[PDB]
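Asks: Got coords-v1.pdb for you, PDB, C-alpha atoms (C1' of nucleotides):
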ATOM      1  CA  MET H   1     137.350  67.293 150.191
ATOM      2  CA  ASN H   2     137.005  68.913 146.781
ATOM      3  CA  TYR H   3     136.259  65.735 144.868
ATOM      4  CA  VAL H   4     137.653  66.067 141.364
ATOM      5  CA  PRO H   5     136.758  64.205 138.157
ATOM      6  CA  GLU H   6     139.497  61.921 136.894
ATOM      7  CA  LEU H   7     139.387  63.825 133.612
ATOM      8  CA  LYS H   8     140.134  67.037 135.473
ATOM      9  CA  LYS H   9     143.027  65.343 137.260
ATOM     10  CA  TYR H  10     144.411  63.983 133.986
ATOM     11  CA  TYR H  11     144.066  67.349 132.270
ATOM     12  CA  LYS H  12     145.669  69.370 135.048
ATOM     13  CA  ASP H  13     148.537  66.996 135.662
ATOM     14  CA  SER H  14     149.586  66.117 132.080
ATOM     15  CA  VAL H  15     147.733  67.810 129.260
ATOM     16  CA  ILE H  16     148.744  71.336 130.231
ATOM     17  CA  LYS H  17     152.405  70.350 130.079
ATOM     18  CA  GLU H  18     152.229  68.393 126.823
ATOM     19  CA  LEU H  19     150.323  71.193 125.097
ATOM     20  CA  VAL H  20     152.710  73.870 126.395
ATOM     21  CA  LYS H  21     155.636  71.912 124.987
ATOM     22  CA  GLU H  22     153.830  70.993 121.767
ATOM     23  CA  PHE H  23     152.622  74.517 120.946
ATOM     24  CA  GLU H  24     155.440  76.586 122.527
ATOM     25  CA  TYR H  25     152.910  78.740 124.381
ATOM     26  CA  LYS H  26     154.583  81.518 126.336
ATOM     27  CA  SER H  27     152.250  81.576 129.349
ATOM     28  CA  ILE H  28     150.644  78.600 131.003
ATOM     29  CA  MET H  29     146.899  79.158 130.589
ATOM     30  CA  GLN H  30     147.275  80.113 126.994
ATOM     31  CA  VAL H  31     146.622  76.336 127.012
ATOM     32  CA  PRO H  32     143.162  75.419 125.675
ATOM     33  CA  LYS H  33     140.449  74.132 127.982
ATOM     34  CA  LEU H  34     136.755  73.291 127.825
ATOM     35  CA  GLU H  35     134.056  75.823 128.740
ATOM     36  CA  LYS H  36     130.747  74.130 127.958
ATOM     37  CA  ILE H  37     129.127  71.101 126.361
ATOM     38  CA  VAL H  38     125.714  71.669 124.795
ATOM     39  CA  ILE H  39     123.517  68.631 124.177
ATOM     40  CA  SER H  40     120.642  69.491 121.863
ATOM     41  CA  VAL H  41     117.761  67.548 120.366
ATOM     42  CA  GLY H  42     115.303  68.946 117.861
ATOM     43  CA  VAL H  43     111.899  67.291 117.850
ATOM     44  CA  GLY H  44     109.841  69.205 115.327
ATOM     45  CA  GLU H  45     107.238  66.443 115.515
ATOM     46  CA  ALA H  46     106.529  67.444 119.097
ATOM     47  CA  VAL H  47     104.110  69.961 117.581
ATOM     48  CA  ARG H  48     101.857  66.957 117.122
ATOM     49  CA  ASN H  49     103.177  64.586 119.785
ATOM     50  CA  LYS H  50     103.718  66.007 123.256
ATOM     51  CA  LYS H  51     104.787  62.556 124.436
ATOM     52  CA  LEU H  52     107.802  62.725 122.111
ATOM     53  CA  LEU H  53     109.014  65.949 123.695
ATOM     54  CA  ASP H  54     108.368  64.761 127.242
ATOM     55  CA  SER H  55     110.229  61.513 126.574
ATOM     56  CA  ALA H  56     113.167  63.383 125.048
ATOM     57  CA  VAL H  57     113.401  65.725 128.034
ATOM     58  CA  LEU H  58     113.251  62.835 130.501
ATOM     59  CA  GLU H  59     115.766  60.729 128.631
ATOM     60  CA  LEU H  60     118.152  63.682 128.535
ATOM     61  CA  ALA H  61     117.712  63.951 132.290
ATOM     62  CA  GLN H  62     118.684  60.313 132.808
ATOM     63  CA  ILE H  63     121.590  60.578 130.359
ATOM     64  CA  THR H  64     123.216  63.650 131.877
ATOM     65  CA  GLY H  65     122.009  64.167 135.422
ATOM     66  CA  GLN H  66     120.469  67.623 135.181
ATOM     67  CA  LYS H  67     117.105  68.696 133.823
ATOM     68  CA  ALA H  68     116.660  70.017 130.285
ATOM     69  CA  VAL H  69     115.081  73.155 128.842
ATOM     70  CA  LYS H  70     112.600  73.105 125.975
ATOM     71  CA  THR H  71     113.489  75.816 123.472
ATOM     72  CA  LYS H  72     110.832  77.613 121.466
ATOM     73  CA  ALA H  73     110.281  78.543 117.837
ATOM     74  CA  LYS H  74     112.250  81.643 116.909
ATOM     75  CA  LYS H  75     110.069  82.162 113.827
ATOM     76  CA  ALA H  76     106.662  80.964 112.730
ATOM     77  CA  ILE H  77     107.166  78.956 109.537
ATOM     78  CA  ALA H  78     104.816  77.033 107.271
ATOM     79  CA  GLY H  79     107.075  74.495 105.567
ATOM     80  CA  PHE H  80     107.256  72.645 108.869
ATOM     81  CA  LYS H  81     103.937  74.298 109.828
ATOM     82  CA  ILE H  82     105.548  75.946 112.843
ATOM     83  CA  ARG H  83     103.808  78.564 114.960
ATOM     84  CA  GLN H  84     106.146  80.980 116.731
ATOM     85  CA  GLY H  85     106.721  80.154 120.374
ATOM     86  CA  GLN H  86     105.909  76.450 120.209
ATOM     87  CA  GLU H  87     108.081  73.927 122.040
ATOM     88  CA  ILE H  88     110.368  72.485 119.371
ATOM     89  CA  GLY H  89     113.700  71.552 120.931
ATOM     90  CA  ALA H  90     115.344  70.530 124.172
ATOM     91  CA  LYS H  91     118.875  71.180 125.376
ATOM     92  CA  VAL H  92     121.180  70.695 128.347
ATOM     93  CA  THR H  93     124.343  72.595 129.255
ATOM     94  CA  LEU H  94     127.208  70.887 131.074
ATOM     95  CA  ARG H  95     129.952  72.929 132.728
ATOM     96  CA  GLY H  96     132.752  72.329 135.189
ATOM     97  CA  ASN H  97     132.878  69.054 137.069
ATOM     98  CA  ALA H  98     129.648  67.732 135.571
ATOM     99  CA  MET H  99     130.978  68.601 132.121
ATOM    100  CA  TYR H 100     134.228  66.691 132.666
ATOM    101  CA  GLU H 101     132.473  63.683 134.164
ATOM    102  CA  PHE H 102     129.954  63.496 131.330
ATOM    103  CA  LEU H 103     132.617  63.739 128.681
ATOM    104  CA  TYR H 104     134.540  60.931 130.385
ATOM    105  CA  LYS H 105     131.430  58.751 130.559
ATOM    106  CA  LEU H 106     130.732  59.425 126.895
ATOM    107  CA  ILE H 107     134.164  58.807 125.462
ATOM    108  CA  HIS H 108     134.857  55.670 127.459
ATOM    109  CA  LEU H 109     131.438  54.055 127.544
ATOM    110  CA  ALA H 110     128.787  55.300 125.131
ATOM    111  CA  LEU H 111     130.790  55.798 121.949
ATOM    112  CA  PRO H 112     131.911  52.140 122.265
ATOM    113  CA  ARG H 113     128.290  50.952 122.322
ATOM    114  CA  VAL H 114     127.336  52.469 118.945
ATOM    115  CA  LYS H 115     126.395  50.250 116.018
ATOM    116  CA  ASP H 116     129.272  50.132 113.531
ATOM    117  CA  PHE H 117     131.211  52.662 115.584
ATOM    118  CA  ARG H 118     134.308  53.411 113.493
ATOM    119  CA  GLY H 119     135.359  56.658 115.089
ATOM    120  CA  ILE H 120     134.062  60.181 114.588
ATOM    121  CA  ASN H 121     134.797  62.449 111.621
ATOM    122  CA  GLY H 122     137.825  64.451 112.703
ATOM    123  CA  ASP H 123     136.713  67.380 110.568
ATOM    124  CA  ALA H 124     133.393  68.532 112.078
ATOM    125  CA  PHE H 125     135.049  71.716 113.318
ATOM    126  CA  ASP H 126     133.451  75.122 112.858
ATOM    127  CA  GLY H 127     136.869  76.679 112.284
ATOM    128  CA  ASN H 128     136.968  78.132 115.797
ATOM    129  CA  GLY H 129     137.606  75.179 118.083
ATOM    130  CA  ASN H 130     133.972  74.118 118.511
ATOM    131  CA  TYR H 131     133.299  70.471 117.682
ATOM    132  CA  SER H 132     129.732  69.409 116.924
ATOM    133  CA  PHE H 133     128.642  65.919 115.952
ATOM    134  CA  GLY H 134     125.624  63.661 116.203
ATOM    135  CA  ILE H 135     124.561  60.407 117.842
ATOM    136  CA  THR H 136     121.600  58.671 116.245
ATOM    137  CA  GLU H 137     120.680  56.067 118.895
ATOM    138  CA  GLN H 138     120.531  57.324 122.478
ATOM    139  CA  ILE H 139     120.250  53.693 123.570
ATOM    140  CA  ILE H 140     124.048  53.561 123.376
ATOM    141  CA  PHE H 141     124.012  55.112 126.846
ATOM    142  CA  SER H 142     123.498  52.280 129.319
ATOM    143  CA  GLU H 143     121.873  54.769 131.717
ATOM    144  CA  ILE H 144     118.516  54.633 129.929
ATOM    145  CA  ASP H 145     116.551  51.387 129.842
ATOM    146  CA  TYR H 146     115.388  49.981 126.530
ATOM    147  CA  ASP H 147     111.799  49.143 127.461
ATOM    148  CA  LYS H 148     110.585  52.622 128.411
ATOM    149  CA  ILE H 149     111.644  54.385 125.202
ATOM    150  CA  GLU H 150     108.761  55.546 123.032
ATOM    151  CA  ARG H 151     110.764  56.216 119.858
ATOM    152  CA  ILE H 152     114.460  55.781 119.017
ATOM    153  CA  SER H 153     116.013  59.237 118.930
ATOM    154  CA  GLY H 154     119.273  61.017 118.230
ATOM    155  CA  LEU H 155     120.920  64.157 119.483
ATOM    156  CA  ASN H 156     123.711  66.603 118.699
ATOM    157  CA  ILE H 157     126.718  67.354 120.898
ATOM    158  CA  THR H 158     128.689  70.595 120.749
ATOM    159  CA  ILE H 159     131.975  70.959 122.625
ATOM    160  CA  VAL H 160     133.143  74.545 123.123
ATOM    161  CA  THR H 161     136.860  75.116 123.612
ATOM    162  CA  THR H 162     138.964  78.154 124.428
ATOM    163  CA  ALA H 163     141.076  77.395 121.352
ATOM    164  CA  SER H 164     141.438  79.995 118.621
ATOM    165  CA  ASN H 165     141.574  77.367 115.856
ATOM    166  CA  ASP H 166     140.768  73.772 115.008
ATOM    167  CA  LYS H 167     144.315  72.447 115.363
ATOM    168  CA  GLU H 168     144.461  73.247 119.073
ATOM    169  CA  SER H 169     141.108  71.646 119.859
ATOM    170  CA  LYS H 170     141.864  68.543 117.814
ATOM    171  CA  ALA H 171     145.152  68.176 119.679
ATOM    172  CA  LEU H 172     143.377  68.552 123.023
ATOM    173  CA  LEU H 173     140.719  66.018 122.061
ATOM    174  CA  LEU H 174     143.346  63.551 120.847
ATOM    175  CA  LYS H 175     145.216  63.936 124.136
ATOM    176  CA  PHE H 176     141.873  63.187 125.804
ATOM    177  CA  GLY H 177     141.773  60.123 123.567
ATOM    178  CA  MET H 178     138.648  61.016 121.625
ATOM    179  CA  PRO H 179     138.087  58.288 119.009
ATOM    180  CA  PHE H 180     138.377  60.276 115.809
ATOM    181  CA  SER H 181     137.871  58.209 112.679
ATOM    182  CA  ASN H 182     141.340  58.590 111.192
TER     183      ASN H 182
ATOM    184  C1'   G M   1      41.832  99.974 105.025
ATOM    185  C1'   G M   2      45.752 104.719  98.646
ATOM    186  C1'   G M   3      38.512 104.424  99.617
ATOM    187  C1'   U M   4      40.358 109.355 101.349
ATOM    188  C1'   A M   5      43.570 113.359 103.484
ATOM    189  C1'   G M   6      48.059 115.647 105.225
ATOM    190  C1'   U M   7      53.710 114.978 104.142
ATOM    191  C1'   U M   8      58.610 112.898 103.304
ATOM    192  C1'   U M   9      61.940 110.743  99.838
ATOM    193  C1'   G M  10      69.542 114.627 101.148
ATOM    194  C1'   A M  11      74.074 116.796  99.536
ATOM    195  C1'   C M  12      78.835 116.850  97.089
ATOM    196  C1'   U M  13      79.098 116.027  91.665
ATOM    197  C1'   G M  14      83.996 119.535  86.006
ATOM    198  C1'   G M  15      75.452 120.104  83.782
ATOM    199  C1'   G M  16      72.181 116.631  85.828
ATOM    200  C1'   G M  17      71.228 111.493  86.507
ATOM    201  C1'   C M  18      73.579 106.646  87.183
ATOM    202  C1'   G M  19      77.834 105.197  89.959
ATOM    203  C1'   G M  20      80.863 106.458  94.063
ATOM    204  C1'   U M  21      81.546 109.036  98.685
ATOM    205  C1'   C M  22      80.270 111.348 103.774
ATOM    206  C1'   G M  23      83.455 109.891 111.131
ATOM    207  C1'   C M  24      88.481 109.335 112.454
ATOM    208  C1'   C M  25      93.879 107.840 111.911
ATOM    209  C1'   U M  26      99.172 107.338 108.811
ATOM    210  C1'   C M  27     102.299 109.117 104.442
ATOM    211  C1'   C M  28     102.952 111.988  99.956
ATOM    212  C1'   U M  29     100.968 115.895  97.083
ATOM    213  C1'   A M  30     102.458 120.468 100.747
ATOM    214  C1'   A M  31     106.977 124.762  97.548
ATOM    215  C1'   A M  32     112.640 122.798 104.435
ATOM    216  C1'   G M  33     107.647 127.102 111.190
ATOM    217  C1'   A M  34     102.573 126.039 111.213
ATOM    218  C1'   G M  35      98.683 125.949 107.863
ATOM    219  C1'   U M  36      97.300 124.827 102.650
ATOM    220  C1'   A M  37      92.490 122.214  97.675
ATOM    221  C1'   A M  38      90.845 118.198  94.391
ATOM    222  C1'   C M  39      85.994 112.744  92.226
ATOM    223  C1'   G M  40      94.917 113.621  93.699
ATOM    224  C1'   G M  41      98.109 109.051  94.709
ATOM    225  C1'   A M  42      98.516 104.788  98.572
ATOM    226  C1'   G M  43      96.608 102.006 103.653
ATOM    227  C1'   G M  44      94.030 101.088 108.124
ATOM    228  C1'   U M  45      89.808 101.629 111.364
ATOM    229  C1'   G M  46      83.869 101.862 114.912
ATOM    230  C1'   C M  47      89.109  97.088 118.629
ATOM    231  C1'   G M  48      91.970  93.879 121.569
ATOM    232  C1'   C M  49      94.369  93.160 126.294
ATOM    233  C1'   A M  50      92.985  91.556 134.199
ATOM    234  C1'   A M  51      98.013  91.467 130.907
ATOM    235  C1'   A M  52      99.519  92.772 125.936
ATOM    236  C1'   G M  53      98.682  97.283 132.833
ATOM    237  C1'   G M  54     101.897  99.413 136.961
ATOM    238  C1'   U M  55     106.661  98.653 139.616
ATOM    239  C1'   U M  56     111.387  96.260 140.505
ATOM    240  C1'   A M  57     115.238  93.160 138.731
ATOM    241  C1'   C M  58     117.675  90.710 134.720
ATOM    242  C1'   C M  59     118.769  90.056 129.283
ATOM    243  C1'   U M  60     119.123  91.094 123.165
ATOM    244  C1'   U M  61     117.884  90.086 117.636
ATOM    245  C1'   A M  62     117.542  89.530 111.906
ATOM    246  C1'   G M  63     120.966  88.262 108.094
ATOM    247  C1'   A M  64     125.795  86.256 105.858
ATOM    248  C1'   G M  65     129.580  82.412 106.621
ATOM    249  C1'   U M  66     131.168  77.658 109.191
ATOM    250  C1'   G M  67     130.235  72.759 111.918
ATOM    251  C1'   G M  68     126.203  69.168 113.520
ATOM    252  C1'   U M  69     120.592  62.174 113.873
ATOM    253  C1'   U M  70     116.177  63.308 111.480
ATOM    254  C1'   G M  71     117.283  68.635 109.432
ATOM    255  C1'   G M  72     116.899  69.606 102.934
ATOM    256  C1'   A M  73     118.206  76.675 101.165
ATOM    257  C1'   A M  74     115.458  77.058 105.608
ATOM    258  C1'   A M  75     113.195  73.989 112.265
ATOM    259  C1'   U M  76     117.212  73.451 117.198
ATOM    260  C1'   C M  77     122.341  74.385 119.023
ATOM    261  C1'   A M  78     127.786  76.407 118.897
ATOM    262  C1'   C M  79     131.160  80.167 116.888
ATOM    263  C1'   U M  80     132.990  84.308 113.372
ATOM    264  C1'   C M  81     131.533  88.755 110.765
TER     265        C M  81
END
If you took the structure in this file and wrote it as structure tokens, what would it be?

Replies:
Amino acid sequence: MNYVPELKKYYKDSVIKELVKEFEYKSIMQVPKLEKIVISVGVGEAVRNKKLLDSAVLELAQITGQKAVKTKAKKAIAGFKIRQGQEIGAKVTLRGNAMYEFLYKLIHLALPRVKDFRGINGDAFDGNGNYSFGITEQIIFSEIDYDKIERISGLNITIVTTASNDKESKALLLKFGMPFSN
RNA sequence: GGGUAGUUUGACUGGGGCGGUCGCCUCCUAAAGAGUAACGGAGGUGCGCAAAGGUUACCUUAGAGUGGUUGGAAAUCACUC
């Protein structure tokens, strides 16, 4: 059995058809779809505190399911007293089935558990179908336990879509039921 | 141990002395082969690396614009040019 995420089932069985009708696309897979979700977290303070970076990496692992990579400093800078090549950030890429499952978990479970959650700004679009927005308190995810955290942390989420514009991606996200603050 | 004896204490230098300089590398002066002076005009150097070597395999920045918890012009990530 090729086990399939419920999001993938929902997409393939409805969303393709509604978007074809709604945007008069000539051929079927002109329809937008999702290629990757990038979860990033920038801990510049890790240059003092290694525990911060280790905790962030581990907590990302529990949140998603796959291990993270610690990015390095592209340039040595003094304003943040950064030496080139130091560990400064940590990111995870989600693709395919894991991507769909994570996005489902997020939208239905973790966005609800945010303090004063009143939707998400439906305008954080880079003009090319890529939607990036932040979450300040990782504790919204029930996966991580409260006691073991060493410092409350946030993280940025970027969703990359095959769409050529923002309208297409916003329509796809709305069909997915993404709680945009509107 | 200058009581006494034998000797040394450089050269370039727009006189000499003082000052500065003396090996080697990069560019201009140098007039489109090469070479070509000056106390002409600007820099570096008497090392480091057991990888920062060899080989195979796999990859590409910086900047401008746009969207994102710290994160601001600028830290990390996505996309366009």

Asks: Select residues of chain H: the criterion is any atom within 10 Å of an atom of chain M, counting all atoms listed in the file; output as number ranges by chain.

Replies: H: 36-44, 70-77, 79-82, 88-91, 123-138, 153-160

Asks: Near range 22-31 of chain H, counting only C-alpha atoms (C1' of nucleotides), which residues have an atom at most 12 Å away, once you skip same-chain residues fewer than 6 positions from it, shown as a PyMOL selection string?

Replies: chain H and resi 11-12+14-16+161-164+167-169+171-172+175

Asks: What is the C1' of residue 13 in chain M to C1' of residue 30 in chain M distance in Å?

Replies: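 These atoms are spaced 25.5 Å apart.
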
Asks: I'd like the residues picked by the PyMOL selection byres ((chain M and resi 38) around 12) written out as number ranges by chain, using the chain letters and numbers from the file.

Replies: M: 14, 29, 37, 39-41

Asks: Considering only C-alpha atoms, can you say which of H:33, H:59, H:51, H:20 comes closest to residue 170 in chain H?

Replies: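 Answer, going by the shortest atom-to-atom distance: H:33.
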
Asks: Extract, using only C-alpha atoms (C1' of nucleotides), all DNA, RNA and protein residues at most 12 Å from residue 61 in chain H, discarding same-chain residues fewer than 5 positions from it, and format them as a ChimeraX atom specification.

Replies: /H:39,54-56,66-69,90-94,143-144

Asks: Would you pick out the contacts of range 19-26 of chain M at 9 Å or less, using only C-alpha atoms (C1' of nucleotides), so that residues sharing its chain but fewer than 5 positions from it are not included, and give the list as a ChimeraX atom specification?

Replies: /M:12,39,43-46

Asks: Given the file above and the PyMOL selection byres ((chain H and resi 105-122) around 6), which residues are selected, and can you give them as a list in words?

Replies: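 After applying the PyMOL selection byres ((chain H and resi 105-122) around 6), what remains is residues 102, 103, 104, 123, 140, 141, 179, 180 and 181 of chain H.
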
Asks: Could you tell me how far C1' of residue 42 in chain M sits from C1' of residue 18 in chain M, in Å to one decimal place?

Replies: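 Separation of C1' of residue 18 in chain M and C1' of residue 42 in chain M: 27.5 Å.
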
Asks: Expressed in Å to a single decimal, how great is the separation between CA of residue 101 in chain H and CA of residue 32 in chain H?

Replies: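 It comes out at 18.0 Å.
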
Asks: Around all of range 1-6 of chain M's listed atoms, make the axis-aligned box with 6 Å on each side and tell me centre and edge lengths in Å to one decimal, as lines of an AutoDock Vina configuration file.

Replies:
center_x = 43.3
center_y = 107.8
center_z = 101.9
size_x = 21.5
size_y = 27.7
size_z = 18.6
